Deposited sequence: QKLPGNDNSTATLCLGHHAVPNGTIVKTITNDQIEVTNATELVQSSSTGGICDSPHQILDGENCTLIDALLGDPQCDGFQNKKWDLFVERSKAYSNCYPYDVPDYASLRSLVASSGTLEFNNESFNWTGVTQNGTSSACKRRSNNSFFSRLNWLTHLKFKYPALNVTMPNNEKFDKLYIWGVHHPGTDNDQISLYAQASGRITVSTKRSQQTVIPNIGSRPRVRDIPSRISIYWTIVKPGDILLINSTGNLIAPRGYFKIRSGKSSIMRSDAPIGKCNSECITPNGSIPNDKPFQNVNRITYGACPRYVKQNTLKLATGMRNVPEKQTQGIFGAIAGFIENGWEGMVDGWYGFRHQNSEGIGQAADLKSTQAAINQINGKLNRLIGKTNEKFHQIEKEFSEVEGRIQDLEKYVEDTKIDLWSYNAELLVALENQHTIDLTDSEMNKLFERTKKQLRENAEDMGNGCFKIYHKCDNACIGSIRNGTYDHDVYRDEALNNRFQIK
């Protein structure tokens, strides 16, 4: 009756979600999204990375050429997957610095092997063992050559192999440690002596040590495995009087992005960029709590099992019953916008969404989602993060480096989400305040602020008039005479 009411407000939802900001440990917002990936399918997807499932073979078994690993010859991988069931089924061996040879072959990503014609004049080649059956016959590691006496002579070997290629050569070789003095004479025709394998830049001398070790697959002897990398222009020289498990050639050694992972997860026909030992995981989220061991474009590992990013404003219940604006009060009935107007005039009570303010909030929230979602970075060969044996110093360092990293990332994640959520609350509160201020400024002296997010408009203000305010075309001068008379009247 001679006046109207115009309220500014924002939506509210019946099912809000709790997030953390800098101001509040817990504040309910209209919507949020999870930033920590905590589930895996449980399978390793065979795309888009080239997976090599080791099955019963370790990488080192496949390198040496254990008969059950013959199918692996010359294969390449992005990721070699080693299974806990894996077992050796040839001559018992050890590798001093096993972890390093495993790592360097894993990182190279290839088992490509080129045979070479070493001059083994004066000895017997191709020694075999019942401990290493191939197609039901006594055999040996495919890539190694067990040399033994010929006619009870084993003349001193002094054998050369130049690298005349433009790439490096990786040589794998070994030293046989016989169980008894009888086996030594029976195999090499003389007492044990050192083996020296050298290049222009390196030398390795190894002493065969006769003696029974506990039997493994009925064998009390051992082979110790060594490696030598030979550069272009360098030469491999092998010097021995027995006990030599000779190379048959060299492996290519490449550089690139290959690695190795211990997992029992099945390999599936599917496509996922991020692999963990638990299986492939989606990489849309910036963080994950599935496993510290990862390969590919992966979220970063954090300790938190959930971090919720606000994707809407503060959620505020509608106060119980005269229309009312945003002051301590959301509008559950506003479903076509985030901010808007309610009015009361001669023609009834109405509501309209404000598109500009709503879109400004939505655009900014989508902006931060764009920075955080689907933006993971790739990592490849790293360090080991689980250990089956006690080792002391080096392992203490590996563990401390990883613990240190995870705590720093977990801190960055916690702070980032608290800061972003505070900013979301601030920017959404700000759109509400700006809408209110813009309206106040249009109305000039024709309205008063009622203190509840509403204006009392001191003139008849029909539907078109209200629309003019909402649309930014209200001309205050048209109504000012009427309004000033109504406002400043002695009652």
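Tell me which segments of the deposited chain sequence are not represented by C-alpha atoms in this structure.
Counting from residue 1, the stretches without coordinates are 1-7, 329-333.
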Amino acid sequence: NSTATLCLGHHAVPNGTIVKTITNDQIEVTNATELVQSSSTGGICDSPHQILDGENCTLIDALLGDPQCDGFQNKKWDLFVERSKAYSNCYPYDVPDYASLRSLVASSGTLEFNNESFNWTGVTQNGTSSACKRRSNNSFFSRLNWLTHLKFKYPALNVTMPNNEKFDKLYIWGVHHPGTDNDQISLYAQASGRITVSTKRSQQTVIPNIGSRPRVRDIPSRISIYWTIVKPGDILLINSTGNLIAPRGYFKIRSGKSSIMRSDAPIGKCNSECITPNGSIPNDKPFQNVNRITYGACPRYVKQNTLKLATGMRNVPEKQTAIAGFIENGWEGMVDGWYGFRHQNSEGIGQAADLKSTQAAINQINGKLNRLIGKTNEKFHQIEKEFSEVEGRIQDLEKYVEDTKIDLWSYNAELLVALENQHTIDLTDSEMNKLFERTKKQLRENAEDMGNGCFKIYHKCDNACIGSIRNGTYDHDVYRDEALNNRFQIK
From here on, numbers count along this sequence of modelled residues.
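Mind pulling up the entry and telling me whether 210-218 or 254-262 has the higher mean Cα temperature factor?
So the stretch with the higher mean C-alpha B-factor is 210-218.
Averaging C-alpha B-factors over each stretch, which comes out higher, 148-156 or 368-376?
The entry gives the higher C-alpha B-factor average to 148-156.
Using the temperature factors in the entry, find which of 107, 164, 100, 404 has the highest value at its Cα atom.
Comparing C-alpha B-factors across 107, 164, 100, 404, the maximum falls on 164.
Can you tell me which of 200, 75, 292, 83 has the maximum CA B-factor listed in the PDB entry?
Going by the entry's C-alpha B-factors, 200 comes out highest.
Ordered by C-alpha B-factor within the chain, which third holds residue 441? Give me lowest, middle or highest, please.
Residue 441: CA B-factor falls in the highest third of its chain.
Considering only modelled residues of the same chain, in which third does the CA B-factor of residue 467 rank: lowest, middle or highest?
It falls in the middle third of the chain.
Thinking about Cα B factors across the chain, which third does residue 354 belong to?
Its C-alpha B-factor belongs to the middle third of this chain's values.
Sorting by Cα B-factor within the chain, modelled residues only, which third would residue 333 end up in: lowest, middle or highest?
Highest third of the chain for residue 333's C-alpha B-factor.
Pull the Cα B-factor of residue 306 out of the PDB entry and bin it into the chain's lowest, middle or highest third.
Within its chain, residue 306 is a lowest-third residue by C-alpha B-factor, going by the deposited values.
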